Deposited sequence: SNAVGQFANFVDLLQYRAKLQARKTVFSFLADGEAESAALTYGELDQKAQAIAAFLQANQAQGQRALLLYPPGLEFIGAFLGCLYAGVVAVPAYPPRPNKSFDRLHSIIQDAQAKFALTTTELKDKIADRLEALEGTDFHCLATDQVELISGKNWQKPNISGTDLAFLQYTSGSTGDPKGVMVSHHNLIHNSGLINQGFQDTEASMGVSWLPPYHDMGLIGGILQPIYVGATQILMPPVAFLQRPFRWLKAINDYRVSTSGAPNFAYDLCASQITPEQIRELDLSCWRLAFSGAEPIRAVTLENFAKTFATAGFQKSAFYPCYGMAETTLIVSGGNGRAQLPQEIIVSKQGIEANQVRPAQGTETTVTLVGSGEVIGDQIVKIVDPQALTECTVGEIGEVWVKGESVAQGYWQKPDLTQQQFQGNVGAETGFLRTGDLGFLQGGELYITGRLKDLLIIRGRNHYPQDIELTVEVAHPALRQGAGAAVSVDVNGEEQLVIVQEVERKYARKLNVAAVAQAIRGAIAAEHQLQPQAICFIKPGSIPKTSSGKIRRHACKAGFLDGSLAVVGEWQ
């Protein structure tokens, strides 16, 4: 299996070797099973959709995938791989919402197709024609007769061929289309398997959205890569009842599952003690966390809350990656049992230095060891000189999982994918800040969101965490710290949602005062302004990540949903 050059050859092999083994079971409500596919049926379905795509002249073209989470999305995605159609997964449109994000992906990808379900096609086909013209074709894939797979013409696929476009979330700017090759997919799956060490006997569960790297490469393709069985549920099933994720782990004796940091906080806060009595989590051997800062207190709160259910903190598997690196770059605790943590000087961090406090301290969790044959360097982002040990700079990645570039952005591709430092060339510039310590990669934040105020660096996630706990009226996870120019000087602005229960009785002056006090004590900063906004209204990506740059744009133009302001 490690001799396959692409996922088409690999799925065809599993379809022969494990034809009747279930590959995916879908729990539509996160509880009761509602559909399933064997390896044999998955391959037959992919061939039938492939043949349907080729007859419709999609080969060599870009095609949006507009599906609910479920098995139809998976068939359409592999169907694109089988047919040679450049798939473009995206969040489906939702009722009473604008198609701005979808049109823009369509515009950027220069896509001539949208692949979807029969139900969705009937609601969006005429709107897509209004936006995209008559030469755009919206096709339904869920009613393709399986016999049509007999007409599939298997393309000559080499590793260097483009497999699909993975669009970034839009956190720091417009979503950019990452050109992911067939070889990227194979190489990274091997890297994931080096770190997780799953086998055919592994069992997984995932609630992650299938449209983006973690849920796609990890939740869909890695089970196929190792020959395992994967249980799936929609993200909305877990977010509305977090117990279902941990109950599924218990019921199927899942060995491998994971999620971003906030999901472990959600489980710790929303699962009752009696619900914990129903869990046996001693089988949960690898609990991965990535896609966001890994917080030491989150790990500890989760480990303590679920200790009586048999969760061991040594199962935590921190990891780091991005769409531009296909998925994973680093993961694991190295030789230690628990995730490595360091206690360093906060003021040092603000000055790009890693050192003990000799001042206040911050605790940072490492995001793993670099996996496999890839190379990671920490580089000064202006001088392009390699940092020495103890110095924070930009994370640069060189390896076979580094994507081919950004779709139709030749200037930006050259800037970010052709990084030169010292006598080195060909590095990917991640746009993340961090450092190396003890073989672990630590990530401190995003370069594009970094705040430089009064001659000092400040990480906005640090300020946002200080603000959200300053008063009961502020909703956790729904704030942004940005800087704005005031007479040529950068100054801090806070955009923060208030809770629904406090929106009608909000004492703006008292809560603003609490926020100013928290920021002064922890960060020695004075906000230029505090903007209180309605619950649910902060600029976010489809996955729910805050768009800090759009918070700044809305503050400066007066388009936020304001309930109160301090200035």
- prompt: Which parts of the deposited sequence have no C-alpha atoms in the model?
  reply: 1 to 3, 362 to 363
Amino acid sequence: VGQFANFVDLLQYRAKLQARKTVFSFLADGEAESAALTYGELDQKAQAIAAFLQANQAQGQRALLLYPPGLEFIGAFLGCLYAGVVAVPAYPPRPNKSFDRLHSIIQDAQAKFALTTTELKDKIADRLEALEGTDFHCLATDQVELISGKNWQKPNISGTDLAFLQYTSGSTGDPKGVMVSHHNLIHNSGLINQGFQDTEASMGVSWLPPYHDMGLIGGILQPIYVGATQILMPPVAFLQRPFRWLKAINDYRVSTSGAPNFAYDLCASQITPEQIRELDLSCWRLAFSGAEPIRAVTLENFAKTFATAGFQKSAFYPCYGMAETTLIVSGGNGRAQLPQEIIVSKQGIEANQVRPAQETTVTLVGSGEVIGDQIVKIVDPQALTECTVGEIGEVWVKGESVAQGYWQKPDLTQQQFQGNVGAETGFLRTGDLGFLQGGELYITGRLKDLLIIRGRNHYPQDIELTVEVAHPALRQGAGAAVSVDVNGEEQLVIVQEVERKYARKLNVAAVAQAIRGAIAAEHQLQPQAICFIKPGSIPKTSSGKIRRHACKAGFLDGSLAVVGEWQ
From here on, numbers count along this sequence of modelled residues.
- prompt: Looking only at CA atoms, which has the higher mean B factor in the entry: 274 to 282 or 375 to 383?
  reply: 274 to 282
message: Mean Cα B factor from the PDB record: higher for 519 to 527, or higher for 51 to 59?
response: 519 to 527
field: Peak C-alpha temperature factor (PDB record), options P356, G215, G177, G79
entry: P356
Highest recorded Cα temperature factor - choice among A228, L115, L221, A268: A268
task: Please rank the C-alpha B-factors of the chain's modelled residues and tell me whether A503 sits in the lowest, middle or highest third.
output: highest
- prompt: Which third, lowest, middle or highest, does the CA B-factor of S34 fall in along this chain?
  reply: highest
- prompt: Lowest, middle or highest third: where is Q437 by C-alpha B factor in its chain?
  reply: middle
- request: Divide the modelled residues of the chain into thirds by Cα B-factor and specify which third, lowest, middle or highest, holds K398.
  value: lowest
- request: Can you work out whether the C-alpha temperature factor of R429 puts it in the lowest, middle or highest third of the chain?
  value: lowest
